[PDB]
Amino acid sequence: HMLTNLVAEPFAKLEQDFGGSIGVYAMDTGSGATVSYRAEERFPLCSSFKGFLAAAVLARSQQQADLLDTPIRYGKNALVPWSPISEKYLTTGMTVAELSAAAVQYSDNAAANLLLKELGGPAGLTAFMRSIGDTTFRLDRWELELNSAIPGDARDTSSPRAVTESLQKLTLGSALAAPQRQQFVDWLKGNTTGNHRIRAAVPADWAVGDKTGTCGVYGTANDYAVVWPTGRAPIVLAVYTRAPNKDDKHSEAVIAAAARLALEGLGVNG
Ligand SMILES: *C(=O)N1C[C@H](NOS(=O)(=O)O)CC[C@H]1C(N)=O
């Protein structure tokens with residue numbers, strides 16, 4: 001607690017202007033200092049579970065050396081809405097590694113469902129998260145049902161804090177073996193969907209990997225990232241939003257603004 005919120009930031013004004021709730025947890029991995037706002041509340045994961053999904057696939061690949069190269073063929077019935085990569089390879093198939101990259105970097109929904117099946121479904125991904133010490137994360141449903149974002153419904157949710165803690169373990173800690181850790185980082189660095197979220201708050205000369213989520217209802221959207229400022233230790237952070245009404249709109253700008261406040265709260269000159 002001594003190093004939590006050393007510098008107050010106007011998160012309450014930001015969420016009031018947004019018309020909803022914002023949850024933020026940011027960790028300076030050098031000093032241990034944190035910024036924390038609504039950090040232990042639950043927010044829907046939406047597409048953001050797909051980063052942890054890819055990490056779980058990489059963990060499995062440490063015991064199954066042929067897993068990532070395995071070619072997966074799928075039928076048209078697998079192509080649920082928002083499958084921009086897998087729809088281009090319907091007639092050819094794609095490897096497990098390619099599906100993982102597509103789930104992370106293009107948020108591909110068919111790819112995510114196919115990989116969930118490899119892991120034994122939502123309970124299998126939840127079990128992986130438990131195995132790294134995350135007692136908050138839960139996945140309960142598949143794409144697209146997991147995006148319903150119903151107020152008060154704990155299904156398919158985590159907390160900003162647990163998201164950040166698990167992201168740190170998987171990208172910087174020892175939850176994955178070193179080759180798999182670097183592959184996970186590389187997939188996150190190559191994300192294409194987050195340019196208007198945490199990345200918009202991070203200087204262009206710093207490295208950053210992220211995964212976004214956009215449930216499409218209840219103003220519910222999010223992003224988590226690992227950021228490597230030059231000359232100081234990496235920062236890990238998570239920004240989640242939700243709002244009371246089904247037709248409330250999400251805001252990318254609010255996520256970027258919350259990330260800026262988090263970095264300011266850590267004293268990171270950006
Ligand atoms: C994830 O939340 N989804 C996948 C896709 N875009 O993902 S992103 O916004 O997180 O990059 C479409 C929206 C959404 C969904 N409804 O599955």
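We count residues from 1, following the sequence as given. The basis for the numbers below is simple: all heavy atoms, side chains too, and nothing from hydrogens, waters or symmetry mates.
Between the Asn222 side chain and the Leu45 main chain, a donor and an acceptor come within less than 3.5 Å of each other. Checking side-chain atoms of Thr220 against main-chain N and O of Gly216 turns up no donor-acceptor pair under 3.5 Å. With hydrogens and angles disregarded, a donor-acceptor distance shorter than 3.5 Å links the side chain of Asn113 to the backbone of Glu143. Without hydrogens or angle criteria, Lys246 side chain to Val217 main chain gives no donor-acceptor distance under 3.5 Å. At distances below 3.5 Å, at least one donor-acceptor pair connects side-chain atoms of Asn109 with backbone N or O atoms of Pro81. Not a single donor-acceptor pair under 3.5 Å links the side chain of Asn5 to the backbone N or O of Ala8.
Residues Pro151 and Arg242 form no side-chain contact, since every pair of their non-hydrogen atoms from C-beta on lies 4.5 Å or further apart. The shortest distance between side-chain heavy atoms of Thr95 and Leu68 does not fall below 4.5 Å. With a 4.5 Å cut-off on side-chain heavy atoms, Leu114 and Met94 do not count as touching. Looking at heavy atoms from C-beta onward, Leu115 lies in side-chain contact with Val96 at the 4.5 angstrom threshold. Annotation: side chain of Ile72 is in contact with side chain of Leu99 (closest heavy-atom distance under 4.5 Å). Taking 4.5 Å as the limit, some side-chain heavy atom of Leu116 sits within range of a side-chain heavy atom of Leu139. Side-chain contact between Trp187 and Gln183 is present, with at least one heavy-atom pair separated by less than 4.5 Å. Counting heavy atoms from C-beta outward, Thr241 and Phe18 have side chains that approach closer than 4.5 Å.
There is a path of hydrophobic side-chain contacts, each under 4.5 Å, that joins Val35 to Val202.
Under the rule for a salt bridge (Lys or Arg N to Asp or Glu O under 4.0 Å), the partners of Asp153 that lie at least two apart in sequence or sit in another chain are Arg155. By the ring-ring contact (aromatic ring centres under 6.0 Å, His included) test, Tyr224 pairs with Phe52, sequence neighbours left out. Residues that satisfy the salt bridge (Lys or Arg N to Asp or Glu O under 4.0 Å) test with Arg141, not counting sequence neighbours, are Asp156.
Atom CZ of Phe11 has more than 12 neighbouring heavy atoms from other residues, nucleotides or ligands inside a 6.0 Å radius.
Judged as a side chain to side chain donor-acceptor pair (under 3.5 Å), the pairs with a partner in residues 71-90 (not counting sequence neighbours) are, in order, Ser86-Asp108. For residues 103-199, no pair satisfies disulfide bond (SG atoms under 2.5 Å apart), with sequence neighbours left out.
Each of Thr212, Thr214, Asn191, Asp210 was evaluated against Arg197; a single residue qualifies, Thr214, per the side-chain hydrogen bond (donor to acceptor under 3.5 Å, both in side chains) test. A side-chain contact (heavy atoms from CB on, under 4.5 Å) with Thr164 is found for exactly one of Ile235, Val236, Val24, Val226, namely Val236.
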Side-chain donor/acceptor pairs under 3.5 Å, residues 253-270, sequence neighbours excluded:
residue, atom, partner, partner atom, Å
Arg260, NH2, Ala200, O, 3.3

*Test side chain to side chain donor-acceptor pair (under 3.5 Å) on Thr136 and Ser158 and set out the steps.*
CA-CA 6 Å; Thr136 306; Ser158 196; 5.2 Å; no
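When all heavy atoms are compared, the tightest approach of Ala162 to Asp134 is O-OD2, 3.6 Å.
Classification of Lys169 and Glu165 as a salt-bridged pair fails, no side-chain N sitting under 4.0 Å from a carboxylate O.
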